[PDB]
Amino acid sequence: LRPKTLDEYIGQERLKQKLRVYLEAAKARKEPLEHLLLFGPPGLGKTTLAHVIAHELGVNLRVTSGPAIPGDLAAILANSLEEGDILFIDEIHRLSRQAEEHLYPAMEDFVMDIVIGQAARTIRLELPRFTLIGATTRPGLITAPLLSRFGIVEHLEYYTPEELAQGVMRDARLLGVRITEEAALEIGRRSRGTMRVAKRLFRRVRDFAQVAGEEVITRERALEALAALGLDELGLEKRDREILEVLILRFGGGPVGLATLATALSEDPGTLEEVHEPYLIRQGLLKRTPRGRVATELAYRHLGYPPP
Amino acid sequence: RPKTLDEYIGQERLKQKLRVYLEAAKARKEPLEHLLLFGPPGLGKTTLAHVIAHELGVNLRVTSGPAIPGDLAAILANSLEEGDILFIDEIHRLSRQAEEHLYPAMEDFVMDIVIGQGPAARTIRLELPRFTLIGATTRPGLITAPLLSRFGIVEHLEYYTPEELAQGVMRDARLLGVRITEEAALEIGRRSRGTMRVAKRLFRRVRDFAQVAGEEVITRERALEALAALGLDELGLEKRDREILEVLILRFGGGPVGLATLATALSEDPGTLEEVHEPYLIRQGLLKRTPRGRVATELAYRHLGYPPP
Ligand SMILES: Nc1ncnc2c1ncn2[C@@H]1O[C@H](COP(=O)(O)OP(=O)(O)OP(O)(O)=S)[C@@H](O)[C@H]1O
Ligand SMILES: Nc1ncnc2c1ncn2[C@@H]1O[C@H](COP(=O)(O)OP(=O)(O)O)[C@@H](O)[C@H]1O
Ligand SMILES: [Mg+2]
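Going line by line, the protein sequences match chains A and B.
For reference, each letter of the first sequence is one residue, going 6 to 74, 77 to 125, 128 to 317 in full-length UniProt numbering.
For reference, each letter of the second sequence is one residue, going 7 to 74, 77 to 317 in full-length UniProt numbering.
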């Protein structure tokens with residue numbers, strides 16, 4: 006399922022325009038690529054990009070997690088790491104302050120130290138040249154000392170609906186399910202600009218279409234399945250629709266107030282503060298005015314209300 | 007507790023060279039070389055260590071083998089001055105971890121100390137004052153070759169004589185205020201097994217008998233009846249050792265017997281027979297340990313008044 010070429014990678018055009026240059030230069034100079042840091046929201050394809058980079062350079066790759074790592080970091084750098092090989096570390100911001108300090112000598116001078124057994130004298134290993142790739146959601150999650158050893162720093166942006174449609178069609182042709190292009194476009198539009206969301210949504214749609222016995226997933230069947238899942242034309246869930254309703258019909262675009270936030274939902278200020286608001290702000294239907302949160306005209310028109 | 011080397015009772019052969027070594031060490035204003043004292047238990051090596059320390063005019067640091077690994081550093085760095093004396097009684101009981109921390113302090117006077125403690129931390133080498141270490145072991149076999157290699161002077165403690173034991177008995181009687189004659193103390197020392205503890209115990213028992221008898225002075229004869237009532241020969245064997253020899257000679261013909269059969273005949277524990285009564289039956293020429301059993305020598309026949317084989 007994972008692509009093995011920058012050409013097969015779907016929709017990170019701006020990032021690829023420079024990644025191709027850097028990889029071409031590194032290959033021409035016959036030396037390992039400089040350490041790379043990938044930003045961007047989850048689900049966009051960072052691990053796939055790491056695998057694509059390794060395949061482009063023709064070298065082995067050793068994905069490991071952030072909180073997976077003491078001396079075990081040197082254990083995994085010493086045995087399986089030959090001349091330059093991508094070492095992907097997902098969630099680089101979660102490193103403890105015990106191996107992060109050990110990363111700097113290893114990724115600057117390629118030397119590591121291990122002490123155990125008492128003797129217990131320091132043993133310094135001449136690590137082979139290698140490239141490290143790290144992934145984190147935001148620039149501010151990692152410390153400034155860590156955002157200095159990375160030669161290349163790149164950002165990863167949300168996919169457009171067309172690119173998600175192409176990915177859904179590729180998944181369908183790989184699995185062996187025939188789908189019309191318009192159904193894939195609708196599925197991509199309902200996806201919140203995320204690849205794995207589109208994958209899961211297509212899997213659910215094909216699950217709903219298999220029981221009906223339809224051989225081709227038509228646009229009408231896709232729309233019915235998406236409505237059954239509880240998604241509108243903008244991809245908002247039922248929780249988003251109901252919070253928008255209880256804002257617009259109870260305050261008329263004014264501040265919601267902390268007291269009334271849990272009154273109409275009977276829920277703690279949990280997912281409301283981190284799972285619901287970010288997408289509503291991203292879609293542009295909610296604006297954080299200093300006086301209070303204001304539902305824009307997009308909310309009024311989207312919720313089936315007459316124009317003001 | 008003797009203080010000077012002239013007050014020590016009966017280590018004449020050792021004292022003769024000890025005087026020379028101590029005088030040579032004092033003349034050079036240099037600490038004595040490390041000393042190791044061999045000898046069977048019960049001969050007073052700690053008293054000799056105290057006498058040596060007093061003669062050198064230096065304080066003590068007395069410690070046994072099984073005392074507490078890291079306490080060696082504590083005892084070496086706490087109360088050791090220039091030329092201080094450390095006496096490790098039963099030095100063959102030191103653990104290997106504690107053994108491989110002392111010879112650096114014997115050949116170079118540098119000790120590595122664990123400073124961080126707790127988890128696996130680092131160590132620092134610390135300099136110590138020059139000192140002399142006296143070791144005392146009854147089992148030379150368990151002393152490894154490296155440990156024996158660092159000892160400059162090695163000497164042996166030998167068994168006392170009836171006269172030195174008599175002198176010890178006289179000293180104890182004088183301390184306790186009991187009047188005893190020279191020949192009585194000589195008899196008590198003769199019936200001892202060349203050991204000071206045994207001589208003192210015999211003297212105390214004879215004192216009990218004489219005091220119960222209401223006698224103000226212990227003479228030769230009173231000691232003789234006291235030791236006869238104690239069941240003792242002219243050589244120091246109790247009734248049990250004579251019984252062992254008589255059973256070995258009469259019941260089994262003196263030939264090889266074995267521990268189990270002899271112990272069954274005597275109604276005694278085989279380990280008790282082997283580890284309590286036999287070692288003094290040997291060392292007197294009264295018994296042998298053949299691979300086929302235990303044999304009685306001709307000295308056993310002569311001692312018991314039996315015809316020779
Ligand atoms: N030669 C001696 N002169 C005077 N007192 C002695 C002598 N030997 C031992 N003692 C006394 O014995 C007591 C100390 O015990 P010791 O018999 O010296 O220990 P030890 O010689 O090491 O015997 P073992 O076999 O090691 S238990 C003190 O009361 C000393 O006065
Ligand atoms: N551009 C792309 N083209 C094809 N498949 C993709 C692309 N981006 C992501 N995928 C799919 O998504 C999966 C990896 O996404 P994921 O691991 O969720 O991203 P992240 O590592 O940021 O969490 C892969 O199985 C891959 O098939
Ligand atoms: Mg002893």
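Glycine is no exception: its CB is placed at the ideal position from the N, C-alpha and C atoms.
Quick one: residues in its chain with C-beta nearer than 8 Å to the C-beta of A82 of chain A, no 5 flanking neighbours on either side, listed in chain order?
none
**Prompt:** Which runs of the alpha helix (DSSP H) fall wholly inside the segment 241-294 of chain A and span at least 4 residues, in chain order?
**Reply:** If we require 4 residues or more, the alpha helix (DSSP H) runs fully inside the segment 241-294 of chain A come out as 247-260, 267-270 and 286-291.
Close Cβ partners of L38 of chain A (< 6 Å) along its chain, the five nearest in sequence each way excluded: Excluding positions up to five away in sequence, the list reads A31 and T140.
Would you grab the beta carbon distance between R302 of chain A and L295 of chain A for me? Rounded to a whole angstrom, and I think it's under 8 Å.
6 Å
| query | Does the segment 164-178 of chain A come close enough to the segment 188-198 of chain A to have 3 or more Cβ pairs within less than 8 Å? | reply | yes
Exercise. Can you list, in chain order, the residues of its chain whose CB lies under 7 Å from that of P148 of chain B, leaving out five sequence neighbours each side?
Worked result: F44
| task | Return the first residue and the last residue of the beta strand (DSSP E) that residue 75 of chain A is part of. | result | Within the gap of chain A, which runs from 74 to 77, lies residue 75 of chain A, and it has no coordinates in the structure.
Does chain A have any CB closer than 8 Å to the CB of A106 of chain B? no
- prompt: CA-CA distance, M119 of chain A and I132 of chain B?
  reply: A direct Cα-to-Cα measurement between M119 of chain A and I132 of chain B gives close to 24 Å.
Listing by chain order, which chain B residues have their CB less than 9 Å from the CB of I123 of chain A? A128
task: Pull up the distance between the alpha-carbon of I121 of chain A and that of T52 of chain A, whole angstroms please.
output: Approximately 30 Å between the Cα atoms of the pair.
Contacts around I151 of chain A, its chain only, beta-carbon distance under 7 Å, and the 5 residues preceding and following it disregarded
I99, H100 and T145
field: Counted within 10 angstroms of its Cβ, other Cβ atoms place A33 of chain A as buried (16 or more) or exposed
entry: exposed
Taking C-beta to C-beta, are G48 of chain A and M204 of chain A nearer than 8 Å? yes
Which runs of the alpha helix (DSSP H) fall wholly inside the segment 148-230 of chain A and span at least 4 residues, in chain order? 170-184, 190-199 and 204-220
* To do: Enumerate in chain order the residues of its own chain whose CB-to-CB distance from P8 of chain A is below 7 Å, with the five nearest sequence positions on each side excluded.
  => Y14, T53 and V57
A304 of chain A - partner residues in DSSP beta bridges: A:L295
Inset, instruction - Give a single yes or no on whether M204 of chain B has its beta carbon closer than 7 Å to a heavy atom of ligand 1. - result: yes
query: Should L49 of chain B be counted as a contact of ligand 1 given a C-beta to heavy atom distance under 7 Å?
result: yes
Assumed close pair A304 of chain A, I257 of chain A - CB separation to whole angstroms, cut-off 8 Å
5 Å
Tell me which residues share the same chain as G239 of chain B and place their Cβ nearer than 8 Å to its Cβ, disregarding the 5 neighbours each side in the sequence.
Hits under 8 Å: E246 and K247.
Going along the chain, which residues of its own chain have a beta-carbon closer than 8 Å to the beta-carbon of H109 of chain A, five neighbours each way excluded? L80, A81, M119 and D120
| Considering only C-alpha positions, which residue in the set A:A153, A:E195 and A:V162 is nearest to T169 of chain A? | A:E195
message = Quick check on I58 of chain B: does DSSP put it in helix, strand or coil?
response = helix
Requested in this report: Taking the CB atoms as reference points, tell me whether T69 of chain A and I96 of chain A lie closer together than 8 Å.
Outcome: yes
Determine which residues share a DSSP beta bridge with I121 of chain B and list them. Answer is B:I132.
Reduced DSSP secondary structure (H/G/I, E/B, other) of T69 of chain B: Strand, per DSSP.
Original post:
If you drop the 5 nearest sequence neighbours on each side, which residues of the same chain put their C-beta closer than 7 Å to that of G124 of chain B?
Top reply: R130
Buried or exposed, going by whether 16 or more other CB atoms sit within 10 Å of the CB of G279 of chain A?
That one is exposed.
How is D92 of chain B classed by DSSP in three states: helix, strand or coil?
coil
Q) When every heavy atom of ligand 1 is checked, does at least one fall within less than 7 Å of the C-beta of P317 of chain B? A) In terms of side-chain proximity, the C-beta atom of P317 of chain B is found no nearer than 7 Å to any non-hydrogen atom of ligand 1.
**Study point:** Residue of B:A73, B:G126, B:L84 and B:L11 minimising C-alpha distance to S103 of chain B
**Key:** B:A73
Task: Reduced DSSP category for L28 of chain A - H, G, I as helix; E, B as strand; rest coil - done: helix
Discussion item. Closer than 7 Å to a non-hydrogen atom of ligand 1 - does that hold for the CB of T10 of chain B?
Written reply: Incorrect: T10 of chain B has no Cβ contact closer than 7 Å to ligand 1.
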